[PDB]
Ligand SMILES: CCCCCCCCCCCCCCCCCC(=O)OC[C@H](COP(=O)([O-])OCC(O)COP(=O)([O-])OC[C@@H](COC(=O)CCCCCCCCCCCCCCCCC)OC(=O)CCCCCCCCCCCCCCCCC)OC(=O)CCCCCCCCCCCCCCCCC
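Residue numbers (the authors' numbering), protein chains in the order written: chain A, 38 to 268; chain B, 118 to 176; chain C, 200 to 248; chain D, 21 to 49; chain E, 94 to 458; chain F, 29 to 59; chain G, 165 to 218; chain H, 165 to 218.
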């Protein structure tokens, strides 16, 4: 499609794609004991254990509001690890960061836990909303199954199993029913099904170039005055 | 045809789970290209509507 | 659209160009960014701000 | 071109229709 | 034989978009040294169909220029590559011009071919003298009914499997699935049987093309992206009065939007008087449409193509002086004044005409 | 029975062998 | 010239294009991930025929 | 409406278009006059061969 044409896009004064130690005039320089009288520094060697305790708190303090949902605790754990594995797998050389990446990430995670302790972190609220929307749909299926009724998801699974038999019952010259064929059969069913639903307009433009919004009503004028409520 | 090489059942269940892993990924990429069909011209959507297509960015 | 409206283009890149200078290591940009706004109305008189 | 017309008729030159319908609404969404 | 010379080769699937070579027919001109014209046919359409148009004594186009009826990538005999980026397909032409030792050429196209021709002038203008587009416009046509049908037919063609399907099964498929007579005939003649009758296939890459059209995004051939930019040179547009592809109402504005030198209707943009007929897209078939296209083409090649922008016609070469911008020349002791711009030989790079005439000039003095 | 009954059995073994990269796997393919 | 404001337009005009080509750019990234996925599914197609081969 | 001024534009636009096709319309008028002229010249080509036939 389109690729960045500038070959020097990732160049910095410090090197190629360097976002760990940008070049600045006041660069780090060494210190010599025999000549150093006093010093004021905030660096220390406590980040490793603070990285550990921070993980335990963020996990244990967020589980307070999961109500024993084991599947959510396990899903949240996978998401929590993705937040702590950022420095271990990033392109950025987190080991060469300016003034210590270890202290930087730890202090950054602490600001997240502060919000987690109050149950105000956006990832928490995002989790509650996403889960409630999920359980409502699983309960809708349960109520339909207890009534002996068939779910919309099973009607497709059953409608797709038969469509495969019809295709392989005529596919006798060959006998390699690829995953590609299996896929485009389902998509042909999904498009037909989705179009059947009364969904809000998602694409800007319909079959014509014109937009599918309620505002795309141009001339000619054929609508009369609006009518009132009926008694 | 009834049963054979209970040791063979080791890879029958290994390759079956291995395939289920990469079938889940195939469905991820397949479903994304399916939803991507209704999304066209990011420059024609409002700001708060684009974030809704890419749910999670606002969070 | 932040890519067609020159009003948000100018303000967005201008702010990004100001905060990226935190790598100059003056001090906490969260502290002195408010003083920059005041200093702008001192020397911005030349530009009628 | 850089000479598109008068200021009053400026919003006229934007519409590009996919059909042969006349007259054409000028507003470009 | 002589006038008709089409280089012969086999398509090669290429992983790199730069190692793509174009192949097509070359029509030699009546006269020894003439500038060259590169013409792109409609998508999935045969180059041979345009031969009687460019080899008609009544029109006498070859008297003006040598014609290269060239196939774009994934079409005809040219190499194959999934990308249809007009910038990539434009670089292909520049390599062809280099391999064939063409310094600069006149570009033409029919329908989607016109887009490809105009794109080359947008990306490589210093080596393009002019563009002549026929029933096309630099516009997004994804939602035009005519394009949808073409987009729809190509998708139906993906259902046929030549290995299993018999010759009769194909003919029945086309008649029912393809209603347009011309498209039907075009697709039939694109079917070819490889050596040793291994199997029959389409001359154009059906897979790469359908994905481009079916996806229906910016890289689609129906789309014209802002990335393509502006064409700085001479451009003439000719399309039928009632055309499904270019509607006179609004589809002329893209020409002004993309072509800087386009003056407007009646000077660089014309419509051919005709009736409503879905087959009017194929002007070369109907004499009435063709006679007008040819006359306008010969006028563009004779008087307007390869002429400096600020000059009206070729008549003004050597007698009209263009104003100069101050501080535009390196010489400091230069008295700025009006000048006649330099018009160079069409293949001055790969010949020594300038070196030769310099010697003859000295002999005079 | 004699002719053409082993063609498919050769395609399967061939692919299984082509996928083998380590020497250990190649040995099992020979067996 | 003081081209600072122009540099901000050129980048925005370039991003305007990257957004217009989002569908194509992403679809090409998946064409390689799907290739990797299809390659791993070849091991299951081989095992399903062992019972018939045997 | 009082479309008098519009009628003057429409007539000018049609004349402007005819001037744009002056070359095509006059060339078509001569193709018939040349066909008539060529038809009368067919007689001189016949008499030139009488000596060869005789
Ligand atoms: C380390 C800091 C140094 C500070 C020096 C102090 C200030 C000196 C002022 C001199 C006046 C001209 C200034 C030119 C620089 C303009 C840069 C600029 O404005 O930013 C654009 C810049 C990006 O825009 P750009 O267009 O891409 O920049 C390139 C230029 O446009 C054009 O690109 P370019 O490649 O063509 O030029 C590169 C640039 C490189 O600049 C440098 O590298 C600085 C080098 C040290 C200073 C050298 C020049 C000092 C002045 C000499 C004056 C000579 C007078 C002789 C008088 C003789 C007659 C008696 O300029 C020069 O090369 C200067 C060379 C001077 C040659 C003179 C030739 C002979 C002229 C003789 C005629 C005399 C007439 C005098 C009349 C009065 C003046 C009109 O923005 C930034 O990069 C932001 C970072 C800012 C850097 C630090 C601050 C520096 C000051 C900039 C203004 C403040 C910025 C923040 C504003 C906040 C608003 C929200």
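From the three backbone atoms N, C-alpha and C, an ideal C-beta is built for every residue, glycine too.
Decide if residue i is buried, meaning its Cβ has at least 16 other Cβ atoms within 10 Å, or exposed.
i                      : result
residue 124 of chain E : exposed
residue 78 of chain A  : exposed
residue 161 of chain A : buried
residue 30 of chain D  : exposed
residue 48 of chain A  : exposed
residue 197 of chain E : buried
residue 320 of chain E : buried
residue 198 of chain H : exposed
residue 363 of chain E : buried
residue 189 of chain E : buried
Would you mind giving the Cβ-Cβ distance between residue i and residue j, rounded to the nearest angstrom? I have them listed as a contact below 8 Å.
i                      : j                      : result
residue 205 of chain E : residue 136 of chain E : 4 Å
residue 346 of chain E : residue 44 of chain D  : No, residue 346 of chain E and residue 44 of chain D are not in contact; Cβ-Cβ is about 11 Å, not under 8 Å.
residue 226 of chain E : residue 207 of chain E : 3 Å
residue 121 of chain E : residue 159 of chain E : 6 Å
residue 123 of chain A : residue 87 of chain A  : Not confirmed; about 16 Å, so no contact.
residue 102 of chain A : residue 61 of chain A  : About 43 Å separates the two Cβ atoms, so there is no contact after all.
residue 344 of chain E : residue 232 of chain E : 6 Å
residue 162 of chain E : residue 212 of chain E : 18 Å between Cβ atoms; not a contact.
residue 115 of chain E : residue 183 of chain E : At roughly 11 Å, the Cβ-Cβ gap does not stay under 8 Å, so residue 115 of chain E and residue 183 of chain E are not in contact.
residue 150 of chain B : residue 167 of chain G : The pair is not a contact, with the Cβ atoms about 41 Å apart (cut-off 8 Å).
residue 109 of chain E : residue 301 of chain E : 15 Å between Cβ atoms; not a contact.
Taking DSSP as the reference, what is the three-state secondary structure of residue i?
i                      : result
residue 202 of chain E : strand
residue 244 of chain A : coil
residue 78 of chain A  : coil
residue 306 of chain E : helix
residue 285 of chain E : strand
residue 129 of chain A : coil
residue 208 of chain G : helix
residue 161 of chain E : strand
residue 93 of chain E  : In the structure as shown, chain E begins at 94 and stops at 458. Residue 93 of chain E is therefore absent and cannot be evaluated.
residue 226 of chain E : strand
residue 221 of chain E : strand
residue 443 of chain E : coil
residue 62 of chain A  : coil
residue 200 of chain C : coil
residue 43 of chain F  : helix
residue 433 of chain E : coil
residue 49 of chain D  : coil
residue 185 of chain G : coil
residue 365 of chain E : strand
residue 35 of chain D  : coil
residue 98 of chain E  : strand
Is residue i near ligand 1, judged by its Cβ being under 6 Å from some heavy atom?
i                      : result
residue 167 of chain G : yes
Output yes if chain I places a C-beta closer than 7 Å to the C-beta of residue i; else output no.
i                      : result
residue 100 of chain E : Considering every chain present, this structure includes no chain I. Its protein chains are A, B, C, D, E, F, G and H.
Query raised in the report: Is the region 234-244 of chain A touching the region 157-165 of chain B, taking contact as three or more C-beta pairs under 8 Å?
Result: Counting Cβ pairs under 8 Å, three or more are found: they touch.
Report task. Determine, using beta-carbon pairs with one atom in the region 154-165 of chain E and one in the region 275-288 of chain E, whether at least three such pairs fall under 8 Å. Result -> no
Report task. Indicate whether the contact test is met: 3 or more Cβ pairs, each with one atom in the region 264-280 of chain E and one in the region 379-397 of chain E, closer than 8 Å. Result -> no
Requested in this report: Inspect the CB distances between the region 323-340 of chain E and the region 217-225 of chain E and report whether three or more fall short of 8 Å.
Outcome: Yes, they touch.
Requested in this report: Kindly confirm or deny that the region 40-59 of chain A and the region 320-328 of chain E touch, where touching means at least three C-beta pairs closer than 8 Å.
Outcome: no
Requested in this report: Say whether the region 305-313 of chain E touches the region 364-374 of chain E, bearing in mind that this needs 3 or more beta-carbon pairs closer than 8 Å, one atom from each stretch.
Outcome: no
Query raised in the report: Contact between the region 345-362 of chain E and the region 236-253 of chain E: three or more CB pairs below 8 Å?
Result: In short, these stretches do not touch, since the Cβ pair count stays below three.
Report task. Taking 8 Å as the threshold, find out whether the region 205-218 of chain G comes into contact with the region 122-140 of chain B through three or more Cβ pairs. Result -> Yes: the two stretches touch, three or more of their Cβ pairs being nearer than 8 Å.
Query raised in the report: Are the region 175-186 of chain A and the region 115-134 of chain A touching, with three or more C-beta to C-beta distances below 8 Å?
Result: The region 175-186 of chain A makes no contact with the region 115-134 of chain A: fewer than 3 CB pairs, one atom from each, lie closer than 8 Å.
Query - Three CB pairs or more closer than 8 Å across the region 185-200 of chain E and the region 426-444 of chain E - result: yes
Query raised in the report: Per the contact definition of three or more C-beta pairs closer than 8 Å, is the region 99-118 of chain A in contact with the region 164-174 of chain A?
Result: yes
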